[PDB]
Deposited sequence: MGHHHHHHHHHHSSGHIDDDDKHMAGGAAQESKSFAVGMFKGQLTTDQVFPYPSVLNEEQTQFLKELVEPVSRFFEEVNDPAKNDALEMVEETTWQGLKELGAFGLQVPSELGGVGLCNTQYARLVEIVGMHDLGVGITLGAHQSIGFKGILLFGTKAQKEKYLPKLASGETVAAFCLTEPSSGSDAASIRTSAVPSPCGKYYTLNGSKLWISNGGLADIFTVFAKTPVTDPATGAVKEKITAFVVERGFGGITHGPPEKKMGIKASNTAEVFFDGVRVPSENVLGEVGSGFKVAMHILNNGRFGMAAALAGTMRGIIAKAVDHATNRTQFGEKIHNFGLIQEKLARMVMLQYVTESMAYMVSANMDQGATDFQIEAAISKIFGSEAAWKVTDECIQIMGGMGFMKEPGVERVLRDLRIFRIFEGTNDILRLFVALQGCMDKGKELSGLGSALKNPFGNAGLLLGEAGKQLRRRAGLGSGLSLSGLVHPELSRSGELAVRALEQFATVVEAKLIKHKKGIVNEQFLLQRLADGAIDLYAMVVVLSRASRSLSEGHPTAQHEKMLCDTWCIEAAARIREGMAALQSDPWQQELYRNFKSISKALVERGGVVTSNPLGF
């Protein structure tokens, strides 16, 4: 049985192995080594990098770029014996939180390189591939890029058109295609490329086109790139089209198994996903400091504005979002470091949650700052511009919601359809829930623990009813799936903060009473959202009218090409 909390909750089970107690993974030497890196990495971003300059120049300044290579920042998770820093996922999370606090354009360049660009070599490379490629990737002598998206294919990776055709000898493949919006596409010398190949069925020999992943060197020939694309934010990161024209790729440069490229791509994206939430937890930490500074020092209506309830509630909401996001990021990284094999729903939740949280936190920082927040000099508007893409790339949040909902439903649907389905033998065959977090949550958080268990039961009841009603047709019920994904996001958020705050209380940390407050305040409102949301799905007699009207209104818009009504004057 799965050890995933998210898998269990869709079945009405409390599977807590990967949640409680809040995981601690580093040994004493790993902790001290990480401390000795945090200091120089922080100083580098404080004293050498200039995020406003990189945004103005639409590139990373050369002194910063070379300094990052010397710091080891292009190879943080590459083993030391292969030229890297040798960090585990939790150690990586700690350093990317520094990068995300300071410069998301630098962060995307380093993440595109190592979180996804060569990550497939770390996960699937042969010994020969690792030894050949990793040392120069880790030094930054060869930058990497993840080459999946094409003009025709973004969310639907299975539809890619770039092709790789084997030679008669089988010594190489000829690769033809183009890729779109590739981070580092104009800088990279190593590309992880996904392309359709003919794959021979091992039993019958029948040939079917399937995706295969390849390690491609720019020096193989036939590779060019377009100019840097101009964009709203993360302007220091390079984004370019990459063109492959008759590229000879050696057969030993297949990454993983021929015809398993889709799984390779998905595993790379899943594996890298926690780093987003970690970086964005850092973004939020720096933004909250700026908002608090402003509210501490601005007088209006005769008081400093932190004395006004509207500002107090904005600040409290911002820190709860940062705390949830940070807690999710380090939970997933710890699960990975502890050998979890089923964390993909939790990782997707962390990416949706953290990207939307950082957006909302930075938008409210602008609001607290007033007119100043819209100005260029304070730098907050630059962060807001940078953040908009994080809801779109590495999986749009809309598609990730559908993934969360359907992946969570999958095992429950398997169980339900197992019911019945045995043949009947007529010839004489002889043959509350009890759920509780007591003993896992700290006693001072018992009430919020009970809110989480009740919300889990409400959620699982709706999941079951909807799978019985829709069966395999649930895949087409998108209004429903988005609402189930939101319930799942809030439920995981509740248990992550219950777990972290409980450990803080048990260990007597100085901030434990504050963390208990963050947790209870989060849980009261998250439990209300799950209660109201699940009632709308199950017992609301107007919900189906809303769904029919969303479809009818959208159809009317598409027929017209835009708004159907004129203004009230009619012209």
task = Provide the list of deposited-sequence positions lacking C-alpha coordinates, grouped into contiguous ranges.
result = 1-30, 462-477
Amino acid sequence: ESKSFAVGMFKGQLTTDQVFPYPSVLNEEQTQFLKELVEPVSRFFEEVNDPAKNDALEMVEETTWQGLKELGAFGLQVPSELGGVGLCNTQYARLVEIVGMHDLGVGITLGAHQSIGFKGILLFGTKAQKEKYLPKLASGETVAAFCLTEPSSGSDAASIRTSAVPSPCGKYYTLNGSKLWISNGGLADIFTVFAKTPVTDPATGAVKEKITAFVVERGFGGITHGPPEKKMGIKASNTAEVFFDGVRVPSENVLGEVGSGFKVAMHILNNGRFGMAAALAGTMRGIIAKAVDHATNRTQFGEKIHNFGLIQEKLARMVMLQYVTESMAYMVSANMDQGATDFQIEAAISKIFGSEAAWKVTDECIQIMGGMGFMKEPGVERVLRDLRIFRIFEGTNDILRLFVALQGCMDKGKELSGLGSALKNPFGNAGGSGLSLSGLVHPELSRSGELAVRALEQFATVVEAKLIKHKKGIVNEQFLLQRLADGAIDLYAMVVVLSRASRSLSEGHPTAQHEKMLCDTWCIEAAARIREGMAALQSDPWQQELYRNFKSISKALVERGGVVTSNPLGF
From here on, numbers count along this sequence of modelled residues.
key: Entry-level comparison of average CA B-factors, 446-454 and 247-255, reporting the higher stretch   = 247-255
query = Which is higher on average in the deposited entry, the C-alpha temperature factors of 163-171 or of 387-395?
reply = 163-171
task = By the entry's C-alpha temperature factors, tell me which of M232, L269, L440, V332 sits highest.
result = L440
request  = Would you mind checking which of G379, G117, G107, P426 has the top Cα temperature factor in the PDB entry?
outcome  = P426
ask   = Lowest, middle or highest third: where is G286 by C-alpha B factor in its chain?
value = lowest
B-factor third for the C-alpha atom of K179 within its chain = middle
query = How does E525 rank on Cα B-factor within its chain, lowest, middle or highest third?
reply = lowest
task = Could you look up the Cα B-factor of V264 in the entry and say which third of the chain it sits in: lowest, middle or highest?
result = middle
key: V563 - Cα temperature factor, lowest/middle/highest third of chain   = lowest
